[PDB]
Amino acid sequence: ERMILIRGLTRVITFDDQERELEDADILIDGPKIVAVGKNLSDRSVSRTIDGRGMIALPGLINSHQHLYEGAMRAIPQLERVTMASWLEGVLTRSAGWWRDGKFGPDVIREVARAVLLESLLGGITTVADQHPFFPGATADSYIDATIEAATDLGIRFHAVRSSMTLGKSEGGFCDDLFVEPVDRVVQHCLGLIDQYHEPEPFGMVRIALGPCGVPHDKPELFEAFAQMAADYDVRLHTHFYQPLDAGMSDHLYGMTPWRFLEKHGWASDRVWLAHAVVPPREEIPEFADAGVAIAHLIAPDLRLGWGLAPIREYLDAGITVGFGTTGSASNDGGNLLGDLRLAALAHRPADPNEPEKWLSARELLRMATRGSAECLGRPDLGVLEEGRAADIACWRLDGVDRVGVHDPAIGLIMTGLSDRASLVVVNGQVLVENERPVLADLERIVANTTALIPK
């Protein structure tokens, strides 16, 4: 029950309510939580002191949108340069194919998940929300059991978002039958997951969320069902939102915009975070704000697929919560959240060539990647370095030869570097990464084991 002191961090970014930062300052940790953050903290009941000099410390990064199983689908030549339709076909085909060859069972997803999750820790990411949409077998298989098992073995904080594709081509869908589950099978399964896995209490390490793939891909019955289940069991709701084709598909199936559809079917609530949000009607943005939905900025796939730049400034101006994420590795293709912030930092600028004040700043992006994401996930106990909050902490060295000359360390973190490898990472008060290495997980063994299971 003994504490941990991180002493003399060169810079500490808190993202508390004042955006306080401190210099040559400490973080005191006791079990799952932060006890204090400030200069010259007492080592009174401390059983280990960690030398933070030369480091910048942030709240642990929170990846608010992953698809772990896609770790197996990286850097496929056929999928290097493809639009959404071909990409979606390519991933679905591969996952369905590997699955009926017996090459993609929950045992495989578990080890893919273990690799990408460990990569995540090493990149300073302390919480991941994975959306798994793939459940063939008639009895919905243990894919989420498998990702939760990897997360738990690793000690990374975890949100399991049970996804689906419930709208088939026989109803106007762009999927297939092997992945199309009846709505009731999705709903039954979700209930069992909550009861078995959900840790609603503060500092909870595993939580469940309900996440249809999207309005073009799922039945309204599912959304309404989930809206009921979310209020009955106090869990959260997640889906994709305003991908370029969606407005057209939503109007064709239902005669309304994707937002108006969500509104109708119970999803205009503070009960919701929404992935991408690339091309909304501007007129709807103030409505996102009053509804209290949050939005996850996913720059890497938005660029990768040719979709472009989501109006993040507008969301910020409207007071909408904005978080950040990588998405799956079939459309990123890495799980490197920190690197992806540099992508956003730069790619937004050409869209407002003469109004640099509109450009997202390093600190606004770092906020998205911590506090913003914590809020997307409904976690007031994460995303902030201050007393009472979770001791989830990520730190990077500032004294490498590739960061010589850096005047502001936080900007430096986005704008410079050969490597996004974190030095020191703490989750739920447990040191998981030190000197850029895992201290509990066996790195080489995990690389070997997962590599052996990746399908040809």
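Note that residue numbering follows the sequence shown and begins at 1.
Once the C-alpha B-factors are averaged per stretch, 407 to 415 and 59 to 67 rank with 407 to 415 first. Taking the mean C-alpha B-factor of each stretch as recorded, 85 to 93 and 124 to 132 are not equal, and the higher mean is that of 85 to 93. Comparing the listed residues 171, 375, 340, 314, the entry records the largest Cα B-factor for 171.
For the set 109, 293, 249, 275, the PDB entry puts the maximum C-alpha B factor at 249. Per the PDB record, residue ranking by Cα B-factor puts residue 309 in the middle third of the chain. Ranked within its chain, residue 145 lands in the middle third, by CA B factor from the PDB record. Ranked by Cα temperature factor within the chain, residue 432 sits in the lowest third according to the deposited record. Annotation for residue 177: CA B-factor lies in the highest third of the chain's modelled residues. Residue 233 sits in the middle third of its chain by CA B factor, as recorded in the PDB entry.
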